[PDB]
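A lone chain, given as structure tokens: the form deposited in one PDB entry.
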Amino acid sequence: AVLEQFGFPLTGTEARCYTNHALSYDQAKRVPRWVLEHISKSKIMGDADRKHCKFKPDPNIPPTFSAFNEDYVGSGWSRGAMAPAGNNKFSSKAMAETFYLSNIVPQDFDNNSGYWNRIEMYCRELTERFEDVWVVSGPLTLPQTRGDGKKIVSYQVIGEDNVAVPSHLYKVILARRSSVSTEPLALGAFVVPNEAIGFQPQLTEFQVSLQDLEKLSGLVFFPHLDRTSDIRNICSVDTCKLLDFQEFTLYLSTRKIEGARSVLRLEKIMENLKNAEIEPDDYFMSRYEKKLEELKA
């Protein structure tokens, strides 16, 4: 009728498809509401290198509602990708699209480089055991209850564009053994506080029911999912075991080997590795000698 003569207000929440992920953008907060990615063992292999990528505004987002690097730099918060670059080694285009700020939230540096990175590495590990893995990640601004029962949502906004800093990050993991497998699906929802987290807390300490997360986020995840199909807790069908300090430090050092462009850096890697722990079994020396061998050329 005449009510829509000049159109309904636009919220800009429609799904946006990229090479290897999709997202819904929150124009008021300058961050994604959710970012959906599909992981398989083929996608996490390849020569795509993030050194040739740089954060930038998503051109498909109206500049009025876009975040800009000026909002993050100097803010005290790191640019935290929801769809990580590590899941897009198969395509330079796919990886570069993860560096769109439409995929980024203000994230604690330690959290970004530590616990959240470890969760991301677990999702990649799942592809060694499940043919297909679906992951939805996004930010949350949860309330905190005072001693008198009053509940308050408090979160910082940074930059000229007031980019919302989430209090928590969520991750919903859906895994299917194989296309023909009559085995149940594995499902897990996790909510992590946007702060430094050590190596003591297991991932199950941050596990929540999907229903609780849907009430906290206002989102319905995987709506096409058959509610009577056998779905099991991913931490019962699998391990939900993140890497401990020793494995984590070794994996970082191994990745640093493959990128060592000089021999002097190769020595620094070993010095950092060896102190204050770690003798590499089964595997860091085999790749250390190989890179040392080639670099002599």
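Just so we're on the same page, rigid core means the largest C-alpha set that superposes within 1.5 Å between forms. We number the residues from 1 along the sequence you see.
The discussion below concerns the form deposited in another entry, not included here.
Colleague: After superposing the two forms on their rigid core, pick out the one entry in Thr239, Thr249, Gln27, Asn272 with a CA shift of 2 Å or more between this form and the one not shown.
Modeller: With the rigid core fitted, the residue that moves is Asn272.
Colleague: Once the two forms are fit on the core, has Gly259 moved its CA by at least 2 Å between this form and the one not shown?
Modeller: It does shift by 2 Å or more.
Colleague: For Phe284, state whether the C-alpha moves by 2 Å or more between this form and the one not shown after rigid core superposition.
Modeller: Moves: yes, 2 Å or greater.
Colleague: Quick one: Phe248 and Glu267 C-alpha atoms, closer or farther in that other deposited form compared with this form (3 angstroms or more)?
Modeller: Compared with the form shown here, the C-alpha atoms of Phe248 and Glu267 sit closer together in that other deposited form, by 3 Å or more.
Colleague: Specify closer or farther for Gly198 and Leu266: how their Cα atoms are spaced in that other deposited form versus the shown form, given a shift of 3 angstroms or more.
Modeller: It is closer: in that other deposited form, the C-alpha atoms of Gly198 and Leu266 lie at least 3 Å nearer than they do here.
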